[PDB]
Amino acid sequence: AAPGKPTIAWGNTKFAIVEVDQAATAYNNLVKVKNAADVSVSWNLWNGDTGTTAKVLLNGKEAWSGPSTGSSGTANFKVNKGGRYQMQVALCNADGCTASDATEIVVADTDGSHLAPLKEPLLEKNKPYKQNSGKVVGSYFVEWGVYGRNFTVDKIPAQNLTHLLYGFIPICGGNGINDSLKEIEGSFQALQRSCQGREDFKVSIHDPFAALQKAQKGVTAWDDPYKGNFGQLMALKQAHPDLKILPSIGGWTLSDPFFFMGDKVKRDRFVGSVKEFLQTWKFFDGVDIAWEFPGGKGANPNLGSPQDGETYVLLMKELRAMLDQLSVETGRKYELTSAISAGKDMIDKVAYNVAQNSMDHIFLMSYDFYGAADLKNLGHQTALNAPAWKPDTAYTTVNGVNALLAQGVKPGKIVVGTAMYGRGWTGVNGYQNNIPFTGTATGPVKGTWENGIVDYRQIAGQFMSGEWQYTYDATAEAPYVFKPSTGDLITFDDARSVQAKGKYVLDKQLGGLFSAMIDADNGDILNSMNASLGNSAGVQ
């Protein structure tokens, strides 16, 4: 007679191809990429002949086979593809094979193939749009937004984006290499801990707790191997396989290492670590370079060199070559993007007409034109055009676009920036003709999270009532709110100025719109980004 029917033993059924060490703070120890997950199954036979061969089947296909030598057995084997499998144990002899009932096993991998799709309802004022304009609709999500801002990946209105950028991936380095982090309490030390044992100029993760270990919706079980932002982003990719999720390297406080990459030894090590990062974290679709900025005038006053423009072009070429090789190794398309200053003086430090041939998209940072760092020269921080009271205003969106076009950049490369926050001042005074921007300020506006910066959600929720004046400047295409009794002035984007930017993108055949940062919108800004670029209402 055929063997008795085996009973699969109770035991762990959750396995991982990329293993995460739960007691490690150094990135080198935190993550271990294997070629395959080590899987184990045991069984007991309570009634019958134990057969002469035991097999472990996954979806009917043998993963392991060995002699059946007693009433219990154990099998250890490797599984090299992520997903969920119906596992069975079969006992066979010359008279037949008898298979157990199936037990699901989970083999995790960083494409999220083990995860249920993270398909969450739109929140706040977000309305559904189909991505059918063919234009970029991008936004940055900040790793630290999960703390005080409580804005997690399940709150992203992901169906309303083509590109979701994750800010920010650091580059390892201590004194002289990441000194801009010392301005933020604990932040330099946190990077040194993550990079312990790791060579300078390789990428790492700044906050591994937020990125990988914090419990979040859909990844709360203790043995879910990928939690935090990365676990949710993997599940988001399962829900939106056409969403491009790009890691953004740099930003305001993690850009200092780029200034050393004139040394090709360091630049090669960096590019190689990006390749390894993309091989490790398979849900990411490329890389965004947010080097702020070639030539300096970023956070660090002691960095910046006339060599930087040449370094940037080389870096983009070499990243592109690395990504092209990864693309053909994988069959995937990978994107290379960069967030860049929108000031003409900054733009002309770089030959974007050459670099563009390596780049899928240029994220023109047409915001932060004005702010509380300068209390004397006030103006619209993200306007399309100059205002009527100062038509020679240098820092406008159109002036940045025109600087790129004048170099020879193809318009389709250029993605125009919108701000989901205001900047502003307090004590504005001494202004003419009811235009507060012609005065001067005594200090920054009180901010939502830090001085001088206000979430758009808070502008809309608190500063469009009471004593606050509201004005839309139709020459600049720029709203502002002003409280006369305290001299608080806030400059920001709203649905109408975003609509002007979208129409401008379509009229000039630019590439689309992007925003910073997604946590600060109540939905009005991203709704207008989508509507103004011609995306249809509804779901696809």
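Counting begins at 1, following the sequence as shown.
Peer 1: Which has higher Cα B-factors on average according to the PDB entry: 375-383 or 134-142?
Peer 2: If you average the C-alpha B-factors of 134-142 and of 375-383, the larger mean comes out for 375-383.
Peer 1: Should the higher mean CA B-factor in the entry be assigned to 438-446 or to 172-180?
Peer 2: Higher of the two, by average CA B-factor, is 438-446.
Peer 1: From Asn93, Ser465, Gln189, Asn160, pick the one with the largest CA B-factor in the entry?
Peer 2: Spelled out: the listed residue with the top C-alpha B-factor is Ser465.
Peer 1: Return the residue from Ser273, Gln458, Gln86, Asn302 that has the highest Cα B-factor in the entry.
Peer 2: Among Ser273, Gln458, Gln86, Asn302, the highest C-alpha B-factor in the entry belongs to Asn302.
Peer 1: Classify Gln509 as lowest, middle or highest third according to the C-alpha B-factor given in the PDB entry, relative to its own chain.
Peer 2: Top third by C-alpha B-factor.
Peer 1: Among the chain's modelled residues, which third holds the C-alpha B-factor of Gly231?
Peer 2: Lowest third.
Peer 1: Split into thirds by Cα B-factor across the chain's modelled residues, where does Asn28 land: lowest, middle or highest?
Peer 2: Highest third of the chain for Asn28's C-alpha B-factor.
Peer 1: Lowest, middle or highest third: where is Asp38 by C-alpha B factor in its chain?
Peer 2: Middle third, going by the recorded CA B-factors of the chain.
Peer 1: Per the entry's values, where does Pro294 land by CA temperature factor relative to the rest of its chain, in the lowest, middle or highest third?
Peer 2: It falls in the middle third of the chain.
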